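*Asks:* Here you go, one structure.
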Amino acid sequence: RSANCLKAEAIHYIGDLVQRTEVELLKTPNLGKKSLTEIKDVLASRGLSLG
DNA sequence: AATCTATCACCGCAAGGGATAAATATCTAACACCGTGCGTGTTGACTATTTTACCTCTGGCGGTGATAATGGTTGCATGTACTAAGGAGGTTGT
């Protein structure tokens, strides 16, 4: 349910997730652990990035 | 604001449905030709485009009739409920 509680912030789509750098990332509901931990490098394997 | 165990379940990851795009084959449409006929051109005779002239329409409006005719029309303002004002005039009072 990481999928439910993320898209509940109306960040439903990958296009703006590109803004969510490790300085202000948390604004979302719940989304508390394995999701939040390391997915940020496989994000860069379909091909996106942060900075 | 970090930790996770233990929810209700999404992912874990097998299957299979539709799709679309390739190739084929059909359709139509765009064109280039041709032929028709119309609105390509000047000229010419017509007759009635316009003007002015003349002879003689339509409608401008001014003018007023006489056997005599010589006491008139007009219908419903409103019917209630109030009550404030002015009007009357005799008089018993100021």
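Chains: A, B, ... in order of the structure tokens. Residues: from 1 per chain. Ligands: from 1, in order shown.
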Can you tell me, as an NGL selection string, which residues in chain A count as helix (DSSP H, G or I) by DSSP?
*Replies:* :A and (2-7 or 14-17 or 34-41 or 43-46)
*Asks:* May I have the residues of chain B within 10 Å of chain A, counting only C-alpha atoms (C1' of nucleotides), written as a ChimeraX atom specification?
*Replies:* /B:3-4,8-10
*Asks:* Suppose we keep N, CA, C and O atoms (P, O5', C5', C4', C3', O3' and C1' of nucleotides); can you now write the selection as a compact mmCIF listing (two decimals), in the first residue's frame?
*Replies:*
```txt
# COMPACT_ATOMS: atom_id res chain seq x y z
P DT B 3 15.43 3.48 11.10
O5' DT B 3 14.60 2.47 12.05
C5' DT B 3 15.26 1.81 13.12
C4' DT B 3 14.31 1.01 14.02
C3' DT B 3 13.47 -0.02 13.27
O3' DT B 3 14.16 -1.26 13.18
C1' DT B 3 12.13 1.29 14.77
P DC B 4 13.98 -2.24 11.91
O5' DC B 4 12.58 -2.98 12.24
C5' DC B 4 12.47 -3.86 13.34
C4' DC B 4 11.02 -4.12 13.74
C3' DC B 4 10.29 -5.04 12.76
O3' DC B 4 9.49 -6.01 13.42
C1' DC B 4 9.19 -2.91 12.96
P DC B 8 -6.90 -7.67 8.95
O5' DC B 8 -7.00 -7.14 7.43
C5' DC B 8 -7.16 -5.76 7.14
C4' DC B 8 -6.57 -5.38 5.78
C3' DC B 8 -7.34 -5.93 4.58
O3' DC B 8 -7.51 -4.90 3.62
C1' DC B 8 -5.06 -6.68 4.58
P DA B 9 -8.20 -5.14 2.18
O5' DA B 9 -6.95 -5.54 1.24
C5' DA B 9 -5.82 -4.68 1.09
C4' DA B 9 -4.50 -5.45 0.95
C3' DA B 9 -4.03 -5.62 -0.49
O3' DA B 9 -2.92 -4.79 -0.76
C1' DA B 9 -3.72 -7.63 0.84
P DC B 10 -3.00 -3.69 -1.93
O5' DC B 10 -1.53 -3.04 -1.94
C5' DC B 10 -0.92 -2.63 -3.15
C4' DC B 10 0.18 -3.59 -3.63
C3' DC B 10 0.22 -3.70 -5.16
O3' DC B 10 1.49 -3.85 -5.78
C1' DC B 10 -0.11 -5.81 -4.17
```
*Asks:* Neighbouring residues of residue 25 (chain A) were defined as those with any atom within 12 Å, considering only C-alpha atoms (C1' of nucleotides); residues of the same chain fewer than 3 positions away were excluded. Please report them as a list in words.
*Replies:*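 Counting only the stated atoms, we get residues 6, 11, 16, 17, 18, 19, 20, 21, 22, 28, 29, 31, 36, 37, 40, 50 and 51 of chain A.
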*Asks:* Expressed in Å to a single decimal, how great is the separation between CA of residue 13 (chain A) and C1' of residue 13 (chain B)?
*Replies:*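 Between CA of residue 13 (chain A) and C1' of residue 13 (chain B) the gap is 23.4 Å.
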*Asks:* Measuring atom to atom with only C-alpha atoms (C1' of nucleotides), identify which of A:44, A:32, A:9, A:49 is nearest to residue 2 (chain B).
*Replies:*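 Nearest to residue 2 (chain B): A:32.
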